[PDB]
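Below are the chains, spelled out letter by letter.
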Amino acid sequence: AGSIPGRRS
Amino acid sequence: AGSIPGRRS
Amino acid sequence: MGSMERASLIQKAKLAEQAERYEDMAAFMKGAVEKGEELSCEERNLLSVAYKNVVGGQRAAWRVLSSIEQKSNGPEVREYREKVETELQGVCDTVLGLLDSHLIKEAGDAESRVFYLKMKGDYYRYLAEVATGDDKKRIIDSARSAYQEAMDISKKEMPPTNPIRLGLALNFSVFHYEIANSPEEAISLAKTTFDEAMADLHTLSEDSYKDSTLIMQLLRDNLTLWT
Amino acid sequence: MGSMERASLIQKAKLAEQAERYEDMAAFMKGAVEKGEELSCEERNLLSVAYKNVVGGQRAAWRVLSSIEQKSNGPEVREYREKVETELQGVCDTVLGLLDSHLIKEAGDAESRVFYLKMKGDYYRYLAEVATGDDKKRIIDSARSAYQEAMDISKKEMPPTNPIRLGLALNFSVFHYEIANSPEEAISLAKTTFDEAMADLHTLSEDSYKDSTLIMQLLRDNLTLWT
Ligand SMILES: *Cc1ccc(C(=O)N2CCC(OC)CC2)cc1
Ligand SMILES: *Cc1ccc(C(=O)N2CCC(OC)CC2)cc1
Ligand SMILES: [Ca+2]
Ligand SMILES: [Ca+2]
Ligand SMILES: [Cl-]
Ligand SMILES: [Cl-]
Ligand SMILES: [Cl-]
Ligand SMILES: [Cl-]
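Chemist: I'm lost on the overall build of chain C in this one. Help?
Modeler: The secondary structure content of chain C amounts to nine helices and zero strands. Overall, chain C shows an N-to-C arrangement of helices and strands of α-α-α-α-α-α-α-α-α. The C-alpha atoms of chain C give a radius of gyration of 18 Å, which matches the 17 Å a tight globule of 227 residues would have. Dimensions of chain C along its principal axes, counting C-alpha atoms only, are 60 × 50 × 30 Å.

Chemist: Explanation requested: the relation of the copies chain C and chain D in the structure shown.
Modeler: Each of the two chain copies goes to the other by way of a rotation about an axis and a shift along it. Mapping chain C onto chain D leaves a residual RMSD of 0.0 Å; the transformation is a rotation of 180° accompanied by 0.0 Å of translation along its axis. Read as a symmetry element, the transformation amounts to a two-fold axis. Measuring from the rotation axis to each C-alpha of chain C, the shortest distance belongs to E23 of chain C, at 6.2 Å. Taken as a fraction of all interface residues of chain C, those also at the interface in chain D reach 100%, which identifies the copy contact as same-surface.

Chemist: Help me understand the packing of aromatic side chains, please; the structure alone is not making it clear to me.
Modeler: Two aromatic rings are characterised by how far apart their centres lie and by the angle between their planes. A complete count under the given rule lists 14 aromatic pairs over all chains for this structure. Taking the centre distance of 5.2 Å and the plane angle of 85° together, the rings of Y123 of chain D and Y126 of chain D count as edge-to-face. With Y123 of chain D and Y126 of chain D both in helix α5 (residues 110-130) and three residues apart, this pair spans about one turn of that helix. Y126 of chain D shares its class with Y123 of chain D; the two are buried. Here the aromatic cluster, defined as three or more aromatic residues joined through ring pairs, consists of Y147, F172 and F175 of chain C. Across the ring face of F115 of chain C, the terminal group of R44 of chain C is positioned such that the distance to the ring centre comes to 6.0 Å.

Chemist: Honestly, the site of ligand 1 in this entry has me stumped. Any pointers?
Modeler: Neighbouring ligand 1 are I4 of chain A together with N45, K118, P163, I164, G167 and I215 of chain C. At the site occupied by ligand 1, nearby residues are drawn from chains A and C. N45 of chain C is positioned with one of its side-chain polar atoms (N or O) 3.1 Å from an oxygen atom of ligand 1. Contact with the protein chains removes 64% of the 430 Å² of surface that ligand 1 exposes when unbound. Here the shell around ligand 1 takes three residues from helix α7 (residues 163-179) of chain C, the largest share from any one element.

Chemist: Can you help me understand the packing of helix α4 (residues 76-103) of chain C against helix α5 (residues 110-130) of chain C in this one?
Modeler: Pairs of packed helices are described in terms of their axes, by the angle between the two and the distance that separates them. Residue and element names in this part refer to chain C. Two elements in contact, α4 and α5, have axes whose closest approach is 10 Å; the angle formed by their N-to-C orientations is 155°. As far as their axial angle goes, α5 and α4 are roughly antiparallel. For α4 against α5, the interelement crossing comes out left-handed. Where α4 abuts α5, its residues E85, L88, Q89, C92, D93, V95, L96, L99 and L103 lie against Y116, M119, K120, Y123, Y124, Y126, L127 and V130. In the contact of α4 with α5, the residues fall into 13 nonpolar, one polar and three charged.

Chemist: Before we go on, may I ask you to explain the site of ligand 2 in this structure?
Modeler: In the vicinity of ligand 2, the residues found are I4 of chain B together with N45, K118, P163, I164, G167 and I215 of chain D. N45 of chain D places a polar side-chain atom, nitrogen or oxygen, 3.1 Å from an oxygen atom of ligand 2. Expressed as a share of its isolated accessible area of 430 Å², the protein-covered part of ligand 2 is 64%. No other element matches the three residues that helix α7 (residues 163-179) of chain D contributes to the shell around ligand 2.

Chemist: How should I be thinking about the interface of chain C and chain D in this particular structure?
Modeler: The accessible area lost on association of the parts is a frequent measure of interface size. At the junction of the two partners, chain C supplies 22 residues and chain D supplies 22 residues. Together, the buried faces of chain C and chain D total about 2,000 Å²; carbon and sulfur atoms form 59% of this surface. Per-residue buried area on chain C facing chain D is highest for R21, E76 and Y80 of chain C; these three make up 31% of the total on that side. Counting every contact that joins chain C to chain D gives six salt bridges. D24 of chain D serves as the salt-bridge partner of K83 of chain C, at 3.5 Å between the closest nitrogen and oxygen. Elements with a minimum of two residues in the side of chain C that touches chain D: α1 (6-18), α2 (22-34), α3 (41-72) and α4 of chain C. When residues of the side of chain C that touches chain D are assigned to their parent elements, the largest contribution, seven residues, is made by α4 of chain C.

Chemist: Any chance you could explain the pattern of salt bridges here in plain terms?
Modeler: Oppositely charged side chains can form a pair if their charged atoms are brought close together. A complete count under the given rule lists 32 salt bridges over all chains for this structure. Of the charged contacts in the structure, one is a salt bridge between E79 of chain D and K12 of chain C, with a shortest N-O distance of 2.8 Å. With one member in each of two chains, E79 of chain D in helix α4 (residues 76-103) and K12 of chain C in helix α1 form a pair that bridges those chains. Here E79 of chain D falls in the partly exposed class, since its relative accessible area comes to 31%.

Chemist: What exactly am I supposed to notice about the side chain of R125 of chain D here?
Modeler: Structurally, the position occupied by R125 of chain D is in helix α5. What makes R125 of chain D buried here is its relative accessible area of 1%. Once residues within four sequence positions are removed from consideration, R125 of chain D is found in contact with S3 of chain B together with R59, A143, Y147, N171, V174, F175 and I179 of chain D.

Definitions and limits used
Residues numbered from 1 in each chain as written, not as in the entry; some residues may be left out. Chains lettered and ligands numbered in written order. Heavy atoms only, no water. Residues with missing side-chain atoms left out of burial classes, pairs and counts. Helix = DSSP H or I, 4+ residues; strand = E, 2+ residues; numbered from the N terminus. Rg over C-alpha atoms; globule rule 2.2 N^0.38 Å. Least-squares fit on C-alpha atoms. Contact = heavy atoms within 4.5 Å. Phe/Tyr/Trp six-rings, centres within 6.5 Å; stacked < 30°, edge-to-face > 60°. Buried < 20%, exposed > 50% of the residue type's maximum accessible area, 1.4 Å probe, protein only. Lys NZ or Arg CZ within 6 Å of the ring centre and 35° of its normal. Near = heavy atom within 4 Å. Polar contact = N/O pair within 3.5 Å; in protein donor to acceptor, adjacent residues only side chain to side chain. Areas by Shrake-Rupley, 256 points an atom, 1.4 Å probe, with all protein chains shown as cover. Axes fitted to C-alpha atoms, helices over the stretch in contact; angles between N-to-C directions. Parallel < 35°, antiparallel > 145°, perpendicular 65-115°, else oblique. Left-handed = near helix turned anticlockwise from the far one by under 90°. Nonpolar A, V, L, I, M, F, W, Y, C, P; charged D, E, K, R; others polar. Buried area = accessible area lost by both parts, 1.4 Å probe. Salt bridge = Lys/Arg side-chain N within 4 Å of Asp/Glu carboxyl O.

Below, the structure is given as structure tokens:
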């Protein structure tokens with residue numbers, strides 16, 4: 001199950 | 001130019 | 001970071017992201033928050049990206065070590081898992097401290113308030129992933145309460161395609177599935193979120209369409225895994 | 001790490017490698033070295049892998065920031081590059097300190113002595129990559145001298161296919177090409193190393209053959225890039 005990757009910004 | 005990767009052991 | 005200018009901390013956080021130095025990034029954004037001014041949309045993203053990367057690496061390590069520990073059951077594997085676990089809890093507590101002092105109380109706009117409350121739910125969820133003792137239920141309820149307040153605001157104040165509203169629903173559904181042992185609630189939330197976003201796509205520009213459909217695909221990926 | 005058992009430090013270094021926690025790995029192996037006993041073949045590899053990963057990440061970040069700094073030429077980019085550079089120099093100094101106190105002087109076997117001297121050349125090479133001022137030439141000569149002593153021992157004491165002898169020659173050739181502005185020396189060393197290993201492959205078992213040909217391919221990759 002994937003959450004928001006939210007690793008790039 | 002590549003040196004020894006030497007990142008896994 | 002008290003002696004560095006706010007603008008310099010922000011600029012160095014962007015440099016650290018480019019250098020993939022996420023611990024530095026997080027420390028720079030922690031310093032920027034502690035200047036006491038509210039954060040812009042871009043600055044909120046920098047804060048979130050920095051800590052998500054740091055705690056993401058800690059969670060990945062904890063899972064490796066927890067798996068080794070379970071297969072074994074000397075003290076070394078447990079001791080080292082405990083060390084990583086304590087460091088992860090410290091990072092989560094630091095983020096939650098920033099939200100509590102005083103990002104959330106000063107966030108009046110829907111976009112900022114929902115963003116910070118989603119963050120609060122996420123970091124309590126990370127605490128819940130490693131929790132066992134007398135506080136696991138209270139930690140889970142703290143995650144649920146933060147996510148729930150963010151849901152209530154986002155449904156009242158944002159369109160169904162808003163990327164923050166979509167990512168909040170995605171992560172709350174993962175909370176339901178992985179933490180709260182409520183897979184039917186997880187599936188229902190992801191499906192209703194996806195369907196209501198689909199029906200709102202016609203209102204968007206090409207760039208907004210790309211932003212929303214990207215997160216809708218994450219919802220669909222989970223539904224495919226769960227059904 | 002003075003209060004932890006040597007064997008526990010080694011076991012935790014292996015766990016940290018599995019968890020990709022290389023800063024922890026390096027601290028555990030630093031503690032193991034400081035117990036004062038010589039290191040086994042496997043323990044030398046753990047030490048080398050840990051610090052190679054740590055300084056590898058620092059070097060990658062320094063290059064990102066140095067590139068941004070050159071394209072710009074406020075103080076922030078230079079300040080942050082200097083911060084990363086200082087942290088990298090500190091790690092290199094720490095490794096060189098371990099080799100000097102007292103790994104190298106206690107290393108009597110060819111395999112251990114060449115391994116540590118190759119390490120010494122590598123970490124002076126990393127210092128040379130960021131050096132500019134009054135010591136860049138002395139740092140370069142310290143790298144060259146360490147590599148040269150390791151070469152002299154390996155040629156006398158190891159077969160041409162020995163993986164440590166091959167990796168030493170590979171890295172010394174990179175030193176020649178990237179640091180000493182001696183690309184002809186780099187090409188000649190890589191070619192002679194490759195050809196003498198090829199002629200010795202017939203003596204090896206299947207597993208040794210795989211170990212040696214893997215590093216020979218790295219030599220060939222550089223020759224393809226350089227010619
Ligand atoms: C939790 C979360 C949800 C959505 C996103 C996202 O995709 N964004 C796109 C652009 C960005 O501004 C540049 C806002 C967030 C991220 C995290
Ligand atoms: C500098 C260097 C040169 C060669 C190697 C290497 O490939 N090894 C293979 C096996 C290992 O023991 C398990 C010894 C080193 C590594 C680094
Ligand atoms: Ca100021
Ligand atoms: Ca002991
Ligand atoms: Cl530990
Ligand atoms: Cl406000
Ligand atoms: Cl800095
Ligand atoms: Cl000895």
